[PDB]
Amino acid sequence: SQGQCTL
Amino acid sequence: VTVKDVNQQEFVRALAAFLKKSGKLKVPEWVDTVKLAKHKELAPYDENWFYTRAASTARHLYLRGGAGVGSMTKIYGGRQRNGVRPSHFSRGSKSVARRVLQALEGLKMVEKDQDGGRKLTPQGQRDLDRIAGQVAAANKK
Amino acid sequence: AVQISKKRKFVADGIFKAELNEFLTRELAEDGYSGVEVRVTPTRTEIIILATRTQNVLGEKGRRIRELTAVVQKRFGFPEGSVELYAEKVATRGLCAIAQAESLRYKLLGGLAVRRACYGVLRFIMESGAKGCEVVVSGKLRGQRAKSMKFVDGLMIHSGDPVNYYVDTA
Amino acid sequence: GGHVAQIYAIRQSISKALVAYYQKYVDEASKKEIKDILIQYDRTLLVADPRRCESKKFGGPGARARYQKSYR
Amino acid sequence: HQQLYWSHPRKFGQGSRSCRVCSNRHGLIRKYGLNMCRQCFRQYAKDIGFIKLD
RNA sequence: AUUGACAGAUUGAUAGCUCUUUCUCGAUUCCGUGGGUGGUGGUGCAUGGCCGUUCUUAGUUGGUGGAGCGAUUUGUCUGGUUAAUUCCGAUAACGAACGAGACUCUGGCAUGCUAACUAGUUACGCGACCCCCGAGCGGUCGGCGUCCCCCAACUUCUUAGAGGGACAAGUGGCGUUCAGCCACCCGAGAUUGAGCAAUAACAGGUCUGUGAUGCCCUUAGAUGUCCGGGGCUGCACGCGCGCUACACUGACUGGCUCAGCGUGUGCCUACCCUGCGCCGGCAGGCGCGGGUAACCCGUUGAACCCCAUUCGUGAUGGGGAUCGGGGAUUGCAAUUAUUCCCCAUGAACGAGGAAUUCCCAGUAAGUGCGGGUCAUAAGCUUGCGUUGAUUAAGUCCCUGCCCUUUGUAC
Ligand SMILES: [Mg+2]
Ligand SMILES: [Zn+2]
C-alpha cells in the first residue's frame, strides 16, 4: 500500500 | 630524449642502481637505524633507501628548481595514523636528506642558488638525461 | 600608522563609526539624534550630526559642539584640529523612523496614553507622506505580564531584498 | 583539478583543440563529420559539466545530510 | 599591597581579554583582533561592514 | 584626622594583616548618623532585545459591490494543477494587498568588450642539456629580461566591471484543447544551491552579553574588587552526538601524480605567517631574510587514489585502548600527564537482538584541509576540496502537519 508496483 | 618520455618508476630504480654502482654519494653514520618518515611505524623495509630516495629527490629537483629544506619536507609528507585519534598529516624529515643534499654537493650535482635553495648543475643534468636515454633504450629493447 | 593592513584598518574603522554612532545615540537623547555620516580625508576629516533640534544641539555658540570636538580628540587619538563637527537637520523627519521613536520615548516618560500616542505618531506619517508604517510596543505598563500590540497601515512589505534598503528600523 | 578531473580536462582539451583547428584552417565538411562522430561517441568530450560542489548547510556533516539526532 | 593587588600577570590571559563595550569574558572573538562578543557583533554587523548576502 | 615601612615571631606570601621597637607623606583621610555604590546572586512566571517552533507550508487584510437585524461573512470556491487561494474555469464578486513568488549572494559562456609586471600565453636574443654531421622551423626549463626598455603584443587559461543566454521558447503527446504534465531536437545548463522570509500563539530559553532593567538579597566576618590553591575531568551505574577499527577491495615499505575558500606583525595587548641555510635520531634548537600582503610561505608537490615488494585467513607487522622511562615544546607553572617525539605491556573488536536516523546528484559516503575557538593546541563546528555509484520520480501502509465538512456547556 506504498505505491511500490503499478487490481 | 628527456626524462619525461620514460617510466618514472623505472627511471628512479635505474638512477638508484647507478648511484649504488658509483658508490660516491656521501653516506651518513646512521645508515640503517633511523626512520625515513615521522609517520612510519617501522624502519625502512629494504636497504639502499638512501640511494633510492636520492634518486627520486634528484628527479624532483630536475622538474622544479630552487627547492630547500622546507620545500622538500612538504613533498614527502606521509599519512600519520594516531590510532584512536583521527589521523592527520606529517611533513617529511629534515636532517637525513640534509646529508643527501650534502652528498649531492660532494658529488658536484647541486649548486646554491642566488636567493636560496639548490639548483641543478650541468653535471647533474647531463647525468640525468643520459640515464633517461639508457632507460628508454632498455624499454624499447 | 605607516604599517597598517587594509582588513584590520576597515575593521577598526567600521567599529570607529559604530562607536561614535552609539555614543551619540546615548549623548543626544534630547537633541533628536538620528545618525552620523563620516567623511575621511588625509588633511582634516569632518563629521556631521543628523538631528531635528539643531538649535538645542548648538546650545550657546556651539557650546555642545565645541565640547564634543574636545572629547573626541582626547579619546579617539586624534591631534588638534584634525576632526571638525557640524550639525544638520533631517529632511523628512516623519520618514526617519528614529525620530518617531524618540518622540514616543519622551511621551512615555511624560505619561501619555499607550494607544493615543501610537496612533498620534502614526497619523503624523501620512500627513508627511509615506506608503506604510508599523510600530510595535511590547512590555509591562501599570500591571502584570507583558503585552505586545502593533499599529500598521498602508503597503508594508517585510519579505524580500527590497525590504533591506526601502525599510529603516530602530 | 584532481586526478580523474585532470585526465578528463586534458581529454576534452585535445578534442576541442582538434575541432577548433578543423574549424579555422581546413575544410568545414570534415569539421562537421568529426564533431558528429565525437557527439555520437560521447557528448562529454565537448561540453563542460555544470555540476559543481554543493555548499554544506549547518545541522549535518554533509551538505544535504543531517547530524543524527534523537528525542531522548 | 602593590605586590599583591592585581599582582596576577595580566598578559596571556583569556578573561583579561575583554570586549570594549560589554566587558564579557565568555565567547570573545579576535578575528582581526575585533575584541567583540559574538552576539554584540550580531547586532552591529550591519554597522561594521558585515551583511548576510549568503 | 592619616597613609606607608626596614627590623625579630606567626601566616604560604620579600603580604607593617597581626605581636615588641620606632620611623616616614600630610587636611587629600578616619569615627557615628542619612544616603549612592557593586554583583557572573535569585526571579526569564516582571521583563524589554532576539532567535526558534506552529512553518518554511501556503497561508493572511482594506475600498466598492452581494448575503445578512447583528456580532460577521463572500471576496480566499464543486473541479483541474502546482512545491505553492499560484494559475485556469462554473461562480456575487471586481479591483487589489500581505506571503509563495519576486528580489539579493556564490559556481555554470562567448574565442564578446574594457585591461589587468601584484598573473599568464605565444614568441623574441640567451644559457643548461638530450640525441647527433656543424645535424632539427628538433624536445624540456616555474633558469634570464621584453617599467630607466624598444628589449613585442594579447587576455584563451588567474580574476573584476558591465550585458544577454533558459522564459515550458520550438516539435509531438495528455489535458473540459484552458491552466498545467511528460517524451524529443538544438542547448554551458530543460528542477544549480543559499539570505531576507504575513499577523500571531508560545508562561520557549537567556537577568552568566553589556554602565538594558524592575523588586528582593550579602554590603566592611560583602555573594564586590585583590591574591593563592583545589575542582570543574572525580566514578559503581544508565543516557546523546561522535572518532578507531573488527581486515585481503586489506595493511607495511618505496616511488609517482592534483587543490581552494582563507587567516597571516594588533590603540589599550606582550602574543603573526613563515622562507633560506646549519645542528639534532624527533618534537625541537641557532644564524640570515620576505610579507601590513595576486609580490612570502605557495605552482599551497595534502590523504585513500596510480605503480612495485612483503605479510595470506593465524585475534596473524594491521585494530592500539592502559601503563613505564627519556626529551623539547607553551607559559610563572604540564602532578590531578595541553600536547608532541623514540623504545616499551599489548585486552575487546569474526559486521552486533531489538529498535531508529540521515541521505536522490557532484548527492550519500570515503578521505582529508582551511577558518571559529588559541600563551600551545580539536575527536567540536562551519566550510573548501579529491575520489566519488545503484537505488525513486510514488503513496499516506506506520508516525505527524494543512484544508474542508464540521459534533462540541470547550
Ligand atoms: Mg564573554
Ligand atoms: Zn564587551
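Letters go in sequence order (proteins before strands), and every chain restarts at 1. Keep in mind that the numbers below use all heavy atoms, side chains included, and drop hydrogens, waters and symmetry copies.
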Colleague: Would you say the side chain of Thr73(B) lies within less than 4.5 Å of the side chain of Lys94(B), judging by non-hydrogen atoms?
Modeller: yes
Colleague: Taking all heavy atoms of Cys19(E) and all of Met36(E), pick out the closest pair and write down the distance.
Modeller: SG-SD, 3.8 Å
Colleague: With a 4.5 Å limit on heavy-atom distance, are the side chains of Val72(C) and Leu20(C) in contact?
Modeller: yes
Colleague: Over all heavy atoms of both residues, which pair between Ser30(D) and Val26(D) is shortest? Give the atoms and the distance, please.
Modeller: OG-CG2, 3.8 Å
Colleague: Going through the distances and angles, do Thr52(C) and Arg93(C) end up as a side-chain hydrogen bond (donor to acceptor under 3.5 Å, both in side chains)?
Modeller: CA-CA 7 Å; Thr52(C) 63; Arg93(C) 293 180 180 174; 4.7 Å; no
Colleague: For the residue pair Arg44(C) and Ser82(C), confirm or rule out a side-chain donor-acceptor distance under 3.5 Å.
Modeller: no
Colleague: Heavy atoms only: give me the nearest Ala51(C)-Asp31(C) pair and the separation to one decimal.
Modeller: CB-O, 3.2 Å
Colleague: How about NZ on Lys31(D), more than 12 heavy atoms from neighbouring residues, nucleotides or ligands closer than 6.0 Å, or not?
Modeller: yes
Colleague: Does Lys108(B) come within less than 4.0 Å of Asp127(B), counting only side-chain N to carboxylate O?
Modeller: no
Colleague: Within a strict 4.5 Å, meaning less than it, do heavy atoms of the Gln100(C) and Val135(C) side chains meet?
Modeller: no
Colleague: For the residue pair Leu63(B) and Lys4(B), establish whether any side-chain heavy-atom pair is separated by less than 4.5 Å.
Modeller: yes
Colleague: Under 6.0 Å from the six-membered ring centre of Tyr51(B) and within 45° of its axis: does the NZ or CZ of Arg53(B) meet both?
Modeller: no
Colleague: Distance alone, cut at 3.5 Å: any donor-acceptor contact between the side chains of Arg59(B) and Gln8(B)?
Modeller: yes
Colleague: Can you see whether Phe10(C) has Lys6(C) sitting over its ring - NZ or CZ less than 6.0 Å from the centre and within 45° of the normal?
Modeller: yes
Colleague: Could you tell me whether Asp13(C) and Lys17(C) make a salt bridge, using a distance below 4.0 angstrom between a side-chain N and a carboxylate O?
Modeller: yes
Colleague: Please say whether more than 12 non-hydrogen atoms of neighbouring residues, nucleotides or ligands are located less than 6.0 Å from CZ in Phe76(C).
Modeller: yes
Colleague: Does the side chain of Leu85(C) reach to within under 4.5 Å of the side chain of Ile47(C), using non-hydrogen atoms?
Modeller: yes
Colleague: Would you say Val11(C) and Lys7(C) make side-chain contact, with heavy atoms under 4.5 Å?
Modeller: no
Colleague: Please say whether more than 12 non-hydrogen atoms of neighbouring residues, nucleotides or ligands are located less than 6.0 Å from NE2 in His158(C).
Modeller: yes
Colleague: How about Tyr44(E) and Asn21(C): does a side-chain donor come under 3.5 Å of a side-chain acceptor?
Modeller: no
Colleague: A side-chain contact here means heavy atoms from C-beta on lying under 4.5 Å apart; do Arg75(C) and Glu19(C) qualify?
Modeller: yes
Colleague: For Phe16(C) and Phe78(C): C-alpha separation, side-chain torsions, deciding distance, then whether ring-ring contact (aromatic ring centres under 6.0 Å, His included) applies.
Modeller: CA-CA 12 Å; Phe16(C) 173 74; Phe78(C) 286 130; 5.6 Å; yes
Colleague: State, with a plain yes or no, whether a side-chain heavy atom of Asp129(B) is found less than 4.5 Å away from one of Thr2(B).
Modeller: yes
Colleague: Between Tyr76(B) and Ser56(B), do the side chains contain a donor N or O and an acceptor N or O under 3.5 Å apart?
Modeller: yes
